[PDB]
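Data first, discussion second: the structure below is written as structure tokens.
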Amino acid sequence: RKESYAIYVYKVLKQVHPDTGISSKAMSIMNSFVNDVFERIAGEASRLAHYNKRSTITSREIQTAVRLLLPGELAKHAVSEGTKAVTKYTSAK
Amino acid sequence: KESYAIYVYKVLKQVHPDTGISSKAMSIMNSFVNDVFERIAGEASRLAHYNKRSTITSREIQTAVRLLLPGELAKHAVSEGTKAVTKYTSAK
Amino acid sequence: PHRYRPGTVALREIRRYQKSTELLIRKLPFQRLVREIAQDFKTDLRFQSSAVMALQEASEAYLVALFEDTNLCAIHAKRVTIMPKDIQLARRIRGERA
Amino acid sequence: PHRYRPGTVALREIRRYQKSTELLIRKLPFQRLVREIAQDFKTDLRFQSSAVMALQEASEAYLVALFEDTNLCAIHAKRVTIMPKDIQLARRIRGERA
Amino acid sequence: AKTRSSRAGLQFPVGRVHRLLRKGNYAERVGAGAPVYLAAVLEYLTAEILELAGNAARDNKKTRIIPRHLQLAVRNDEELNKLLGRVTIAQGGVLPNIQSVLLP
Amino acid sequence: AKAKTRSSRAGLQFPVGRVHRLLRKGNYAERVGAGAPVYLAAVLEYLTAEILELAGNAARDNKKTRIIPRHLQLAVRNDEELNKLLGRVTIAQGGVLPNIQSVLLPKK
Amino acid sequence: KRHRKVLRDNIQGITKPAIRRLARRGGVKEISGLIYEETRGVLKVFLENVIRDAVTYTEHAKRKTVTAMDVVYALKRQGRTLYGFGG
Amino acid sequence: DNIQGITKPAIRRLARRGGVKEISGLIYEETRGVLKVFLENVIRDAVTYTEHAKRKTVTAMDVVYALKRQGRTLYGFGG
DNA sequence: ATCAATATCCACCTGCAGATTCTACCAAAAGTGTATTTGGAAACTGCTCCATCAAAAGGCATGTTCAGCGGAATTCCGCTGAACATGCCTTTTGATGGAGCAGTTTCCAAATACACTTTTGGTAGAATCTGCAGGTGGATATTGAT
DNA sequence: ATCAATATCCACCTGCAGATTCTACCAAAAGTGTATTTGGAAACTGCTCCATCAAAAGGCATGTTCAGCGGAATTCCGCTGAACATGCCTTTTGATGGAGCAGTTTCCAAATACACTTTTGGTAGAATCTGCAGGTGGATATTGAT
């Protein structure tokens with residue numbers, strides 16, 4: 001089985017543009033984008049943690065990585081969205 | 001605070017027995033060895049993951065080297081490498 | 001006889017190709033170049049058709065971006081005609097032979 | 001009343017500075033700029049002596065190389081006087097403006 | 001039994017991402033919050049580029065987003081263009097742009 | 001006295017035990033073969049010799065016996081291959097190679 | 001065809017009209033006659049370098065077929081990341 | 001101002017090591033602006049590594065790690 | 001061709017700041033000996049898709065003509081940068097509190113690890129659906145001669 | 001400006017292939033729930049080394065003068081863009097055999113996993129040496145004016 005972020009890309013697509021679809025070649029590019037960004041971020045997290053003699057990658061490493069990688073406004077918003085999601089996941093119980 | 005400084009010095013004495021080295025120079029060498037280590041190790045990491053392998057072997061180190069170093073430098077690096085693993089494997 | 005002045009059809013073409021995305025190098029010919037180079041590198045190799053398309057996709061994106069830089073180097077010389085010296089200046093600065 | 005012609009001393013300076021490795025920017029002023037730029041990112045910061053030194057070493061190494069590419073661009077346009085358009089073109093092809 | 005994505009209010013898979021982190025060998029351990037924070041950031045970013053690609057399609061009178069649309073959305077946005085300044089989007093073409101001195 | 005070091009077995013100056021330690025604690029893979037740290041240490045030693053050998057000559061050539069940064073820069077940027085390998089590296093206190101574009105020389 | 005023949009001089013398959021079209025998308029208005037051979041040379045070096053690494057990734061996987069991933073990984077190494085072919 | 005602390009004579013000296021023979025009057029300002037952008041990009045990353053390690057002192061390694069991320073790898077101060 | 005002014009080399013000298021050889025306390029390594037576990041090679045093989053042969057036809061490459069106009073070479077002339085030496089400010093150099101950077105001890109929240117149980121994202125296989133590519137006509141520019 | 005040749009714009013329009021639609025099996029995930037383990041935050045602290053203040057040290061700002069470099073204007077030519085005729089080779093649609101890629105069970109060499117013992121590489125305070133960088137002196141090459 002070959003996993004893809006496709007169904008998830010499609011859900012979000014419908015949220016921002018209810019009546020728009022995507023060609024498979026476009027979805028393919030989108031899948032590469034999600035994998036690429038994932039690797040860069042995890043990668044940054046990985047090093048960040050080593051530079052600190054830390055065997056664990058936490059929401060905190062993921063955040064500094066995002067800060068190091070994304071441009072101004074994108075970074076501001078991503079940090080916000082992630083903080084927000086952690087806080088909420090945290091509060092389910 | 002570990003460093004390759006001593007082994008760097010040993011290698012220096014085999015190559016230029018009567019040549020010394022300043023601190024700042026030794027520091028530069030140290031960075032050099034760490035940089036190459038990281039570059040080679042990293043590629044070997046990717047190499048294994050691409051092929052869904054759990055282990056980084058000499059195989060991975062060699063290919064990593066082929067991909068990283070320039071032609072002739074790579075050629076010799078591959079021999080030195082192969083040599084050392086052999087000598088090692090043939091010793092009680 | 002009607003005749004467009006030199007440089008008119010050239011701009012027409014720029015607008016035409018900048019408005020599109022199809023590859024500009026003939027497919028089969030590009031594939032043979034790939035096979036020739038790969039072969040004079042390691043005999044008996046096979047290629048997924050998509051590996052050749054990925055190579056053509058990247059090579060054309062590479063050349064197009066290079067021509068832009070080249071265009072800028074020519075204009076820097078107060079010219080509108082790109083020459084080898086421009087392609088070389090762009091690659092030297094790009095760090096491809098610097 | 002002696003006098004060296006225009007450019008004779010410049011050439012002499014080129015020769016001198018390409019032989020040496022000392023930093024060419026006065027430290028204190030450089031340090032002020034570093035600290036000032038940093039204060040914009042986090043207030044009340046301290047700097048290891050060596051941190052400031054690594055930054056200066058990196059900055060001169062960077063500028064000097066940028067001055068090399070700039071020269072090539074001026075020369076490409078048949079000049080010997082580097083100008084801003086020359087720095088602009090270089091950084092632009094370096095992707096620092098892309 | 002709720003998924004961690006739902007628990008986090010996310011559309012992206014929190015479990016898949018926590019799994020991918022492990023198998024990618026990035027650290028000895030991976031905290032619980034990491035995949036949550038990363039799945040959100042991943043989702044946030046695809047929303048942004050899909051918003052812009054959708055508009056590009058609209059502008060070219062198209063309903064289905066294709067590669068050129070992604071390319072226009074990325075190259076026309078400073079941040080995204082910078083985030084992908086060395087990425088090549090196959091079948092995306094370039095932005096129309098003719099230097100001044102070339103005109104009549 | 002006896003227990004022989006791995007580096008000595010592989011007949012190397014570089015620390016095989018350490019390279020091995022560094023590969024593991026580096027998070028590059030789940031497992032690490034026995035030969036990798038040997039092979040890899042062999043490669044680092046070789047490259048280290050390659051530069052020191054060249055930088056040493058730059059020192060000789062300058063009537064100097066102690067290798068300084070300048071010597072290392074001169075050795076690297078004068079070697080096509082080493083230069084390419086360190087194409088995006090900056091050697092502190094290395095200076096540049098003496099070089100003046102011809103068109104800038106006095107019109108003899 | 002009836003067959004099995006020698007590949008030779010295929011770099012000339014990169015025709016002058018095709019190079020011209022590329023310079024066009026590149027926003028170039030006038031092209032000197034010497035551009036075509038210079039371009040073939042630049043393209044050949046580019047290709048040799050991506051194919052060399054791609055094919056290296058193939059050999060390492062003990063395969064006979066160069067995959068799109070091989071090309072995709074070779075491109076990443078080279079700093080020319082490609083989207084749309086599995087990476 | 002501090003950026004003005006990066007003096008004409010110093011910029012001229014850099015240009016020289018870079019092989020430049022004649023320098024237009026407008027280069028000096030242009031250069032500072034470039035130097036300023038450089039430092040902001042690098043320092044911003046270093047300081048991010050400082051805070052990550054909950055410190056109030058930027059370290060040579062924080063700068064070296066920053067430089068490496070900018071593709072400006074520096075030998076001589078660690079790593 | 002003839003000096004006159006300077007910058008550049010060079011051989012020798014020497015003080016000291018940074019390189020070194022020594023000693024010893026030692027914890028983090030690194031090597032070693034034993035029991036346990038497991039990744040991934042070898043062997044069999046199902047089945048995807050790569051190489052290739054075939055035919056047809058028209059999109060496009062090739063090659064020629066012709067002359068518009070862009071590029072380079074040459075003369076010119078302001079004005080802008082280089083050289084300079086004039087007098088002074090900031091920087092560099094070296095010495096002293098202190099606030100953080102780490103070394104250490106601790107215990108708790110959080111992360112394995114593991115055994116089930118349950119929900120899901122893939123898939124290949126049927127079938128219907130649907131945006132748009134590409135053909136068409138003709139009405140609105142855009143060009144270029146006059 | 002007016003006018004004729006041509007290219008571009010574009011809304012209308014339907015067959016087709018690529019996208020969206022189930023019905024299905026599903027073992028691979030992801031979630032659920034103890035039990036065991038521990039990483040790293042938090043508090044307390046002792047020594048570095050970083051920031052700051054005084055002072056002796058020296059490169060920069062400033063104004064003048066002018067030669068030479070860079071852009072403007074003028075000119076000539078040969079090269080590269082249009083346009084056109086001709087025809088082959090790329091593109092397209094299909095089928096075919098089989099080479100490899102990729103799936104599955106199997107099982108041993110190699111690797112993780114403690115535990116025990118030996119040793120080496122780093123830190124530290126002390127003591128000593130030594131490569132070489134400024135510093136001198138005098139010779140000589142370079143540069144520029146006449």
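By convention in this document, the chains of the structure tokens carry letters A, B, ... by their order, each chain's residues are numbered from 1, and ligands are numbered from 1 in the order they are shown.
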
Shell around residue 25 in chain C at 8 Å using only C-alpha atoms (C1' of nucleotides), local window under 3 positions removed, as a list in words: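 In the requested form, the answer reads residues 29, 30 and 60 of chain C; 14, 15, 18 and 19 of chain G.
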
What are the closest atom pairs, with distances in Å to one decimal, for each residue of chain H lying within 10 Å of chain A, using only C-alpha atoms, rows by chain and rising residue number, as JSON lines?
{"residue": "H:44", "atom": "CA", "partner": "A:68", "partner_atom": "CA", "distance": 8.7}
{"residue": "H:45", "atom": "CA", "partner": "A:68", "partner_atom": "CA", "distance": 6.4}
{"residue": "H:46", "atom": "CA", "partner": "A:68", "partner_atom": "CA", "distance": 9.6}
{"residue": "H:48", "atom": "CA", "partner": "A:64", "partner_atom": "CA", "distance": 7.3}
{"residue": "H:49", "atom": "CA", "partner": "A:48", "partner_atom": "CA", "distance": 7.9}
{"residue": "H:51", "atom": "CA", "partner": "A:64", "partner_atom": "CA", "distance": 9.2}
{"residue": "H:52", "atom": "CA", "partner": "A:64", "partner_atom": "CA", "distance": 6.9}
{"residue": "H:53", "atom": "CA", "partner": "A:52", "partner_atom": "CA", "distance": 7.1}
{"residue": "H:61", "atom": "CA", "partner": "A:51", "partner_atom": "CA", "distance": 9.2}
{"residue": "H:62", "atom": "CA", "partner": "A:51", "partner_atom": "CA", "distance": 9.3}
{"residue": "H:65", "atom": "CA", "partner": "A:51", "partner_atom": "CA", "distance": 8.9}
{"residue": "H:66", "atom": "CA", "partner": "A:68", "partner_atom": "CA", "distance": 9.3}
{"residue": "H:69", "atom": "CA", "partner": "A:68", "partner_atom": "CA", "distance": 8.9}

Write out as a short mmCIF file (atom, residue, chain, number, x, y, z; two decimals) with C-alpha atoms, in the first residue's frame which residues come within 9 Å of residue 83 in chain C when counting only C-alpha atoms (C1' of nucleotides), dropping same-chain ones fewer than 2 positions away.
data_model
loop_
_atom_site.label_atom_id
_atom_site.label_comp_id
_atom_site.auth_asym_id
_atom_site.auth_seq_id
_atom_site.Cartn_x
_atom_site.Cartn_y
_atom_site.Cartn_z
CA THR C 70 21.68 35.22 -19.59
CA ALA C 74 23.19 40.76 -22.07
CA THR C 81 21.29 39.72 -28.25
CA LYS C 85 29.84 35.23 -22.92
CA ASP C 86 26.51 35.97 -21.19
CA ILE C 87 25.74 32.31 -20.55
CA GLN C 88 29.22 31.98 -19.13
CA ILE G 31 19.93 35.02 -30.10
CA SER G 32 23.50 35.03 -31.47
CA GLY G 33 24.38 32.12 -33.74
CA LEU G 34 26.92 30.79 -31.28
CA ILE G 35 24.26 30.20 -28.57
#

Contact residues (chain G, partner chain I, 9 Å, only C-alpha atoms (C1' of nucleotides)) as an MDAnalysis selection string: chainID G and resid 1:2 15:17

10 Å contacts from chain A to chain I using only C-alpha atoms (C1' of nucleotides), as an MDAnalysis selection string: chainID A and resid 1:4 7 21 56
